[PDB]
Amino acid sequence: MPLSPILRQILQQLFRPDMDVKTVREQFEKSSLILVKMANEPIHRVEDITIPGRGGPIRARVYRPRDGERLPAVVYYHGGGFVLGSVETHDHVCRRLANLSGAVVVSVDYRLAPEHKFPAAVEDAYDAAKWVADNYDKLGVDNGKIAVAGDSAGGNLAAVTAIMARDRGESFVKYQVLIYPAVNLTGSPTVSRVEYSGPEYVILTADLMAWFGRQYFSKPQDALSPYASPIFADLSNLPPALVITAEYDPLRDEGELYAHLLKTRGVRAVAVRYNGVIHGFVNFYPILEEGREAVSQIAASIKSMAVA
């Protein structure tokens, strides 16, 4: 299927491996905020909290779409290659998710690389989800059940959080939504990785992916950890999964294989491919119909635990 015409038009606008992390971070915030502002999403209540993690205080933003106790809970991890982003760059997606799902969304401001190498973000991701499950009365959410959700690098963090919970014999993760996740962080190529990582696709080029990996990892061998590459994990007894992939996305192949691999272990799991679009398309919902459709789908899937 071809690129959606509008996306084709949006892509015609003009990164380097030598740029410093700070500059790239600032541009990614600036660019992200354009989308947030055009979304202009409402939210009934929102506040930032500090969650005590292993590596220090973790900032989280709590989006509450309505009044009431024992509300459903989503722990959300923003994308950005493990290097970029924050709760600010995905704020609109979280608000809309909250409002459509009726769930309290807790978006976790995990530690970024290269300052905090793998597994810093993984630790924060687990610590924050566990904190939400354990401190439900402070938040007015369900006792010790959450859905985990995230996009791209955040989809990795969602999958691995589920895995870490399973490895610790914890049962608080009830549902997982992986939005075009990176599940193999080794340098091993898939057809989609090579096919859609050319400069022409902009958002996730080969050069950028290589750069993210150099920031994320302290040593090559860490890419082989199942907490880095969850596609190498034992996938039994993981919670039901929705995996969203994009057609013209380097991570498409591995995303679709993860869903299948989940099923081979008897986990209920659905993979859906959005045609016509690139990696990261959910954040463009104000101007891409596919983004709106995905947020609708993700919300309703969480609300009813449709895959379970």
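Each residue number is its position in the shown sequence, starting from 1.
The deposited sequence places 4 to 9 unmodelled residues between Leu14 and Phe15.
Comparing 283-291 with 19-27, the stretch with the higher mean C-alpha B-factor in the PDB entry is 19-27. The deposited model assigns a higher average Cα B-factor to 228-236 than to the other stretch when 228-236 and 72-80 are compared.
Comparing the listed residues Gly255, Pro42, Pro52, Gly276, the entry records the largest Cα B-factor for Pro52.
Residue-level inspection of the entry shows that, of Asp142, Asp109, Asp127, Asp151, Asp142 has the top Cα B-factor. Ranked by C-alpha B-factor against the other modelled residues of its chain, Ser304 falls in the middle third. Ranked by Cα temperature factor within the chain, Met209 sits in the highest third according to the deposited record. Annotation for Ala259: C-alpha temperature factor in the lowest third relative to the rest of the modelled chain, per the entry. When the modelled residues of the chain are ordered by C-alpha B-factor, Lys174 sits in the middle third. In this PDB entry, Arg193 carries a Cα temperature factor that places it within the middle third of its chain's modelled residues.
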